[PDB]
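Take a look at the structure below.
Protein chains: 2
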Amino acid sequence: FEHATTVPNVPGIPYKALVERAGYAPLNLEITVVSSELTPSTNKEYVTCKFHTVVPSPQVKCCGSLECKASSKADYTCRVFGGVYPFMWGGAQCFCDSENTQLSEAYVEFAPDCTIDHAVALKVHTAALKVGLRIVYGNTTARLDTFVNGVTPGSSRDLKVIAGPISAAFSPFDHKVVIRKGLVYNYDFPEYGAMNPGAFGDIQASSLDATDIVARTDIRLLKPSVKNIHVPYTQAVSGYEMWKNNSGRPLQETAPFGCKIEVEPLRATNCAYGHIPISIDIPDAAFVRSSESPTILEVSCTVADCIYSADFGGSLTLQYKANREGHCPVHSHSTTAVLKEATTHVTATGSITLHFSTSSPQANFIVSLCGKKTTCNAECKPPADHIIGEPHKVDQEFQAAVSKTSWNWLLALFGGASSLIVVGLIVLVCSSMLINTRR
Amino acid sequence: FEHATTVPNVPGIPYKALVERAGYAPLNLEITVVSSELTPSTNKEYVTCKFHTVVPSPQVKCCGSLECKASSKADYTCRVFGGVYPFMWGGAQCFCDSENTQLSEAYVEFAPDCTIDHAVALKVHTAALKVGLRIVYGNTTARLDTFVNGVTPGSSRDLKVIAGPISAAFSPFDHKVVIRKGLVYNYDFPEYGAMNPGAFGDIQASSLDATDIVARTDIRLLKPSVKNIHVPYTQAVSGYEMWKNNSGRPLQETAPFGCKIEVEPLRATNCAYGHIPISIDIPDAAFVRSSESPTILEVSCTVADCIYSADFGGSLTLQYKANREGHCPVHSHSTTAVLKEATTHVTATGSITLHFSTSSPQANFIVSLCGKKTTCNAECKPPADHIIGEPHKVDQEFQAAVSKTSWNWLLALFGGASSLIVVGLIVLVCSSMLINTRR
Numbered sequence: 001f002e003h004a005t006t007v008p009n010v011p012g013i014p015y016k017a018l019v020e021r022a023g024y025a026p027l028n029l030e031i032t033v034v035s036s037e038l039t040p041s042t043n044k045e046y047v048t049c050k051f052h053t054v055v056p057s058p059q060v061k062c063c064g065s066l067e068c069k070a071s072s073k074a075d076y077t078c079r080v081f082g083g084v085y086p087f088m089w090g091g092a093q094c095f096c097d098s099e100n101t102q103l104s105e106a107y108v109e110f111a112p113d114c115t116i117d118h119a120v121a122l123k124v125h126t127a128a129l130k131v132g133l134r135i136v137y138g139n140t141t142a143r144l145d146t147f148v149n150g151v152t153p154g155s156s157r158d159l160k161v162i163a164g165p166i167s168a169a170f171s172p173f174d175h176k177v178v179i180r181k182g183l184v185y186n187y188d189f190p191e192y193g194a195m196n197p198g199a200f201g202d203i204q205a206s207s208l209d210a211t212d213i214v215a216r217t218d219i220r221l222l223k224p225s226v227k228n229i230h231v232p233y234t235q236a237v238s239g240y241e242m243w244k245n246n247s248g249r250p251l252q253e254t255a256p257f258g259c260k261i262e263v264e265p266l267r268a269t270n271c272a273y274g275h276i277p278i279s280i281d282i283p284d285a286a287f288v289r290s291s292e293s294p295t296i297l298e299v300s301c302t303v304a305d306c307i308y309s310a311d312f313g314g315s316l317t318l319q320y321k322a323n324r325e326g327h328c329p330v331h332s333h334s335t336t337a338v339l340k341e342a343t344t345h346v347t348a349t350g351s352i353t354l355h356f357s358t359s360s361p362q363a364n365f366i367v368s369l370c371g372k373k374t375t376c377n378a379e380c381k382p383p384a385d386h387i388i389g390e391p392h393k394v395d396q397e398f399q400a401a402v403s404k405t406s407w408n409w410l411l412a413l414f415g416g417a418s419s420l421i422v423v424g425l426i427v428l429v430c431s432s433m434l435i436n437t438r439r
Numbered sequence: 001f002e003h004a005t006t007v008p009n010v011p012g013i014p015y016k017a018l019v020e021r022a023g024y025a026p027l028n029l030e031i032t033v034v035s036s037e038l039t040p041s042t043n044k045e046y047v048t049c050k051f052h053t054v055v056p057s058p059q060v061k062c063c064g065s066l067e068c069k070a071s072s073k074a075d076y077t078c079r080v081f082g083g084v085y086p087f088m089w090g091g092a093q094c095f096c097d098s099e100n101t102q103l104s105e106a107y108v109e110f111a112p113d114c115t116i117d118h119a120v121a122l123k124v125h126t127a128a129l130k131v132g133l134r135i136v137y138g139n140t141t142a143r144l145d146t147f148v149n150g151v152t153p154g155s156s157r158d159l160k161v162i163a164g165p166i167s168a169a170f171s172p173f174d175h176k177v178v179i180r181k182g183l184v185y186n187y188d189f190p191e192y193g194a195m196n197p198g199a200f201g202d203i204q205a206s207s208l209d210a211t212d213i214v215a216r217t218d219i220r221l222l223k224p225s226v227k228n229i230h231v232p233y234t235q236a237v238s239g240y241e242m243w244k245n246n247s248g249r250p251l252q253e254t255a256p257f258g259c260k261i262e263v264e265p266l267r268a269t270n271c272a273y274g275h276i277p278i279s280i281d282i283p284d285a286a287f288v289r290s291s292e293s294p295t296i297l298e299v300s301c302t303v304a305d306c307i308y309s310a311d312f313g314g315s316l317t318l319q320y321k322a323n324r325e326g327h328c329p330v331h332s333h334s335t336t337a338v339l340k341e342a343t344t345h346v347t348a349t350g351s352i353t354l355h356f357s358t359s360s361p362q363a364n365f366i367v368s369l370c371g372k373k374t375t376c377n378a379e380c381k382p383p384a385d386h387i388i389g390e391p392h393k394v395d396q397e398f399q400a401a402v403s404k405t406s407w408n409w410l411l412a413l414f415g416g417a418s419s420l421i422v423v424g425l426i427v428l429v430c431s432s433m434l435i436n437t438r439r
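For the record, the sequence lines run as chains N and J.
Just so we're aligned, residue 1 is where the first sequence starts under the deposited numbering, counting upward by one.
Just so we're aligned, residue 1 is where the second sequence starts under the deposited numbering, counting upward by one.
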């Protein structure tokens, strides 16, 4: 027996519904979203870190001329200079004080520590949502995990559930996302090869040990100006460091809907937004024919004091008359009221005290015991506390979130003018009839 | 000096342009798109192949009772059957032929040969274009590889190139692709977990060696009937096999715009479509002032036979007066006329033959030698040959393919009506004023 519902996507808040197969006693259905992770499609474009500026030992052609070669080393740097007359520790290193050409060579690799202190730049796309569900039906509880797409099923030995697609699409991640040690930053990283020196991604590679590093650090060599041999050079500051200093706040503190961002794989857990449509085919063994569960002859509702709040602040009493002692389910058929208890033992005749929560100023909601209806009418005061450590269990509507007294006043002041204009039109018509008759 | 052009994206076709510096001799420029590689971004959803339906050895309780345990094997299935009293080779493999509970167990895994014959399912995202360019300017040539985005430059010792963005974006891949042994199919596949028996991806896993194999092959056990012990079962055919039989032709044979679909990594090579804006900053040493190169005094153009075929089916001669021997460049300043040669040695007095191609029935193109211009006017015949194994080097422009004769006839036929209606309006005005005077 297939039942379709729209469970609100709010972790930790059970949603209760009543399935009513025609020939069978009603059954209670409690659906709880235990966990939900939204994971996007991700693909590594490259990784980056602080370059180590490696400067090979110089070579000198003592009485000739060298020619700069071409190398694929990340930002390979080469420059030839004229007479240098370098001093090594002895006091001379070349005769031919003129025509003493020198070559200065330099490039950039990954620093040894970059194996862990590195960032990975990954582009994302549409994210599928995966939900962990605990479902309790009647007296049986089952747990399931499913993809909320409207096609992917899940099964637990007899339970058979299809969820999705999500009513509203949403992803907390930007098209471009940067990961560093588990901190997520939605920084717009530069494109592969679009490397600007002094900014994030000044060097790039497809892996930490990869040999095809591409670098552009804006490195320029200088003519050696001191007698002793060494190679002067300047270089833009490590753009990796600049991004580190100016990183802003990580996404773990910026994602809306309070979703905890985790890595490996990058994913958002408990991301509470919208509703998911769920169809459940309950196995036929759970239902029981109406002759066995005790039907109730009549029920009357008396509501005590109530306050509309997130906690179960309202209470009521049901006077019931039944035909056998049993375990009837109890439900609220209104959208703006939910019950703490879903199933109570019932005797031949008695009263049951039950607790509930609502969100409207007045409770005007239909309770149902074993399918028999009763319109509970009551009046809930505004709450006392300002702040609770528990989320609201019911959405706030408009057509019901207006007090009947306020409704009466509003209707009176809106209908007075309507009655007046009706009377004015009536008087005009009567005057027209009189003037027509008496012309 | 930065010069910007719009090279047509047609691999193998040189494009000739002329850099005209303000005060310096003109210099020839030639751009060749040696190769192009549009490569998308891929993520491995899963890999699928023929499943192997492994049936573990059955277990029999003599006349007790077993129970079916949950497992995690792919499409794990278990059933319990009653009295069996099986036979193996003695004829009684259990005493007490009552409640002879027999457990049947079955699941699937990857066949041993799936390590080679297997399809990887990919989702592709926005694809970046990379091109290898050979550029020769004046006498000096260079090759480089650049990414067509408008930001990433290419550097070759003196050449600074800016490529992109693409004029008209295009990706031959659909949203979902399947790779098998280098054959590419743009066939959408069910998402992870969404197994359908008898259809593609009926068995899925993240890798060939992954133990987290998930499957839904719709395998059902049957009660054994013949007294010899054996477990019967029935199962839908391998959806992988069904997709292989009806795969259709691969993309390497149906990709539009005529490009080679390549794998490892997936990419499309040499796909001609649209245009690339390219800016070249020519190094200042390549230029020379016009005082060095000879400047010709007068040049005139006599067009020979011309045919607007796709090849160099046209010839002409330039008679020139010049001041000194040199190596003047030659260019065509029209978008419907290209020249086989771009430079020539020039004497003081004489004439030179040259070759050219066009596509309009007329030639009305401006040749130039060492900067000074000269019109060439001609009528070209339709090509005698029907088919050539060369692409058209130019494109027929909007209403530029109207012949002179057609232009004359069309203007005459419209001008007749124009003059007629003008005469009618003039005669009406004259009649009106004549009557008004004599009214």
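Built from N, CA and C at the ideal position, the CB exists for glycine as well.
(message) For the region 119-145 of chain J, list every residue whose C-beta sits within 7 Å of some C-beta in chain N, in sequence order.
(response) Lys123, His125
(request) Could you say if the region 281-295 of chain J and the region 22-32 of chain J meet the contact criterion of at least three C-beta pairs nearer than 8 Å? (result) yes
(message) Mapping the DSSP letters down to three states, classify J/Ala363 as helix, strand or coil.
(response) Within the second sequence, the letter at position 363 stands for residue 363 of chain J. Strand at J/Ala363.
(request) Under 7 Å between beta-carbons, which chain J residues line up against N/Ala215? List them in chain order, please. (result) For the purposes of this step, residue 215 of chain N is taken as residue 215 along the first sequence, with counting starting at 1. Here the premise fails: no neighbours, minimum Cβ distance about 12 Å.
(request) Could you check the C-alpha separation between N/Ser238 and J/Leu266 for me, to the nearest Å? (result) For the purposes of this step, residue 238 of chain N is taken as residue 238 along the first sequence, with counting starting at 1. For the purposes of this step, residue 266 of chain J is taken as residue 266 along the second sequence, with counting starting at 1. Cα-Cα distance, rounded: 33 Å.
(request) May I ask you to report which of helix, strand or coil DSSP gives N/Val177? (result) In the first sequence, counting from the first residue as 1, residue 177 of chain N sits at position 177. DSSP places N/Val177 in strand when its eight states are reduced to three.
(message) Do N/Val131 and N/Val151 count as a contact pair if the criterion is CB distance below 7 Å?
(response) Residue mapping note: residue 151 of chain N aligns to position 151 of the first sequence, counting from 1. Residue mapping note: residue 131 of chain N aligns to position 131 of the first sequence, counting from 1. No, the Cβ-Cβ distance between N/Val151 and N/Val131 is not below 7 Å.
(request) Starting from the C-beta of J/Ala119, find all residues in its chain whose C-beta is less than 6 Å away, skip the five residues before and the five after it, and write them out in chain order. (result) For the purposes of this step, residue 119 of chain J is taken as the residue at position 119 of the second sequence. Around J/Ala119: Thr48, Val178, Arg180.
(message) Against N/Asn43, what residues of chain J qualify as contacts under a CB-to-CB distance less than 8 Å, listed in chain order?
(response) Sequence index remark: in the first sequence, residue 43 of chain N carries index 43 (1-based). Near N/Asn43 (Cβ distances below 8 Å), the residues of chain J are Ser41, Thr42, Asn43, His125.
(request) Can you check DSSP and say which residues form a bridge with N/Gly154? (result) On the first sequence, residue 154 of chain N is found 154 positions in, with the first residue counted as 1. BP columns for N/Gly154 point to N/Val161.
(request) Can you tell me which of N/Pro283, N/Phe356, N/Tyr320 puts its alpha carbon nearest to the alpha carbon of N/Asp158? (result) Locating residue 158 of chain N in the first sequence gives position 158, where the first residue counts as 1. Answer by Cα proximity: N/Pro283.
(request) Consider the Cβ of N/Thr152: report whether some Cβ of chain J lies at a distance smaller than 7 Å. (result) Here residue 152 of chain N corresponds to residue number 152 of the first sequence, with the count starting at 1. Yes, contact with chain J.
(message) Just list the residues that DSSP pairs J/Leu318 with in beta bridges.
(response) The count along the second sequence starts at 1 and reaches residue 318 of chain J at position 318. Its beta-bridge partners are J/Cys301, J/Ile352.
(request) Please determine if the region 99-114 of chain N and the region 203-216 of chain N are in contact, where contact requires at least 3 C-beta pairs separated by less than 8 Å. (result) Contact holds: three or more Cβ-Cβ distances are below 8 Å.
(message) Could you check whether the Cβ of N/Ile307 sits closer than 6 Å to any heavy atom belonging to the ligand ZN?
(response) For the ligand ZN, the structure offers nothing, since it holds no ligand at all.
(request) Would you mind sorting N/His331 into buried or exposed? The rule is 16 or more other CB atoms within 10 Å of its CB. (result) If you number the first sequence from 1, residue 331 of chain N lands on position 331. Result: buried.
(message) Is there a Cβ of chain J sitting closer than 7 Å to that of N/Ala285, yes or no?
(response) Looking up residue 285 of chain N in the first sequence gives position 285. Chain J has no Cβ within less than 7 Å of the Cβ of N/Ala285.
(request) Evaluate contact between the region 160-171 of chain J and the region 268-278 of chain J, counting only Cβ atoms and requiring at least three cross-stretch pairs below 8 Å. (result) yes
(request) Under 8 Å by Cβ, that's how I've got J/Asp202 and J/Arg220 pegged, so tell me the actual separation to the nearest angstrom. (result) Along the second sequence, read from residue 1 onward, the residue named residue 202 of chain J stands at position 202. Along the second sequence, read from residue 1 onward, the residue named residue 220 of chain J stands at position 220. With 8 Å as the limit, J/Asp202 and J/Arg220 do not qualify as a contact, their Cβ atoms being about 15 Å apart.
(message) So, with DSSP's three-state summary, where would you put J/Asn408?
(response) Walking along the second sequence from the start, residue 408 of chain J turns up at place 408. Three-state DSSP puts J/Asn408 in a helix.
(message) If I follow the unbroken alpha helix (DSSP H) through N/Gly132, where does it start and stop?
(response) To locate residue 132 of chain N, count along the first sequence from 1; it is residue 132. From DSSP, N/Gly132 is part of no alpha helix (DSSP H) but of the beta strand (DSSP E) over 119-137.
(request) List the residues of chain J whose Cβ lies closer than 8 Å to the Cβ of N/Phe81, in chain order. (result) Counting from one through the first sequence, the residue named residue 81 of chain N turns up at place 81. None at all; the shortest Cβ gap to chain J is about 18 Å.
(request) Please check if any C-beta of chain J sits within less than 7 Å of the C-beta of residue 441 of chain N. (result) An answer regarding residue 441 of chain N cannot be provided, because it is not within the stretch 1 to 439 covered by chain N.
(request) Hey, could you find the ends of the alpha helix (DSSP H) N/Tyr240 is sitting in? (result) Counting from 1 along the first sequence, the entry for residue 240 of chain N is found at position 240. Its alpha helix (DSSP H) spans residues 239-245.
(message) Taking beta-carbon pairs under 7 Å, can you tell me which members of the region 193-225 of chain N lie near chain A?
(response) The question asks about chain A, but that chain is absent: this structure's protein chains are N and J.
(request) Ignoring anything shorter than 3 residues or poking outside the region 8-69 of chain N, list the beta strand (DSSP E) runs there in chain order. (result) 15-19, 27-48, 51-54
(request) Using a Cβ cut-off of 9 Å, pull out every chain J residue sitting near N/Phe147, in sequence order please. (result) If you number the first sequence from 1, residue 147 of chain N lands on position 147. By Cβ distance, chain J contributes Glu191, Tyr192, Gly193, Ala194.
(request) In angstroms with no decimal places, state the Cα-to-Cα distance between J/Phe173 and J/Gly248. (result) For this step, residue 173 of chain J is matched to residue 173 along the second sequence. For this step, residue 248 of chain J is matched to residue 248 along the second sequence. J/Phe173 and J/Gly248: Cα-Cα distance of roughly 16 Å.
(message) If contacts are defined as beta-carbon pairs under 8 Å, then N/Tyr233 and N/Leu222 qualify, I think. What distance do you get, rounded to the angstrom?
(response) Walking along the first sequence from the start, residue 233 of chain N turns up at place 233. Walking along the first sequence from the start, residue 222 of chain N turns up at place 222. About 6 Å; that satisfies the 8 Å criterion.
(message) Alpha carbons only, please: which of J/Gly416, J/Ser359, J/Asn323, J/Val427 is nearest the one belonging to J/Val394?
(response) On the second sequence, residue 394 of chain J is found 394 positions in, with the first residue counted as 1. When the alpha-carbon of J/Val394 is set against those of J/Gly416, J/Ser359, J/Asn323, J/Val427, the nearest one is in J/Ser359.
(request) Give a yes or no on whether the C-beta atoms belonging to N/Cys328 and N/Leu354 are separated by under 7 Å. (result) Counting from one through the first sequence, the residue named residue 328 of chain N turns up at place 328. Counting from one through the first sequence, the residue named residue 354 of chain N turns up at place 354. Not in contact: N/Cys328 and N/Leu354 (Cβ atoms no closer than 7 Å).
(request) In the DSSP assignment, find the unbroken beta strand (DSSP E) run with J/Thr146 in it and report its ends. (result) Counting from 1 along the second sequence, the entry for residue 146 of chain J is found at position 146. Residues 140-147.
(request) Taking the CB atoms as reference points, tell me whether N/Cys306 and N/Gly314 lie closer together than 7 Å. (result) Residue numbering aside, residue 306 of chain N sits at position 306 when the first sequence is read from its first letter. Residue numbering aside, residue 314 of chain N sits at position 314 when the first sequence is read from its first letter. It is a contact, given that the beta carbons lie within the stated cut-off.
(message) Among N/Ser334, N/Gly326, N/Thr349, whose alpha-carbon lies nearest the alpha-carbon of N/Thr343?
(response) Residue numbering aside, residue 343 of chain N sits at position 343 when the first sequence is read from its first letter. Nearest C-alpha to N/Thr343: N/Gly326.
(request) Kindly indicate which residue of N/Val136, N/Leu103, N/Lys61 has the alpha-carbon position closest to the one of N/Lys16. (result) In the first sequence, the residue the question calls residue 16 of chain N occupies position 16. Answer by Cα proximity: N/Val136.
(request) Spatial neighbours of residue 493 of chain J within its chain, please: CB distance less than 8 Å, with the 5 preceding and 5 following residues excluded, ordered by chain position. (result) As displayed, chain J neither begins before 1 nor continues past 439, which places residue 493 of chain J out of reach and without an answer.
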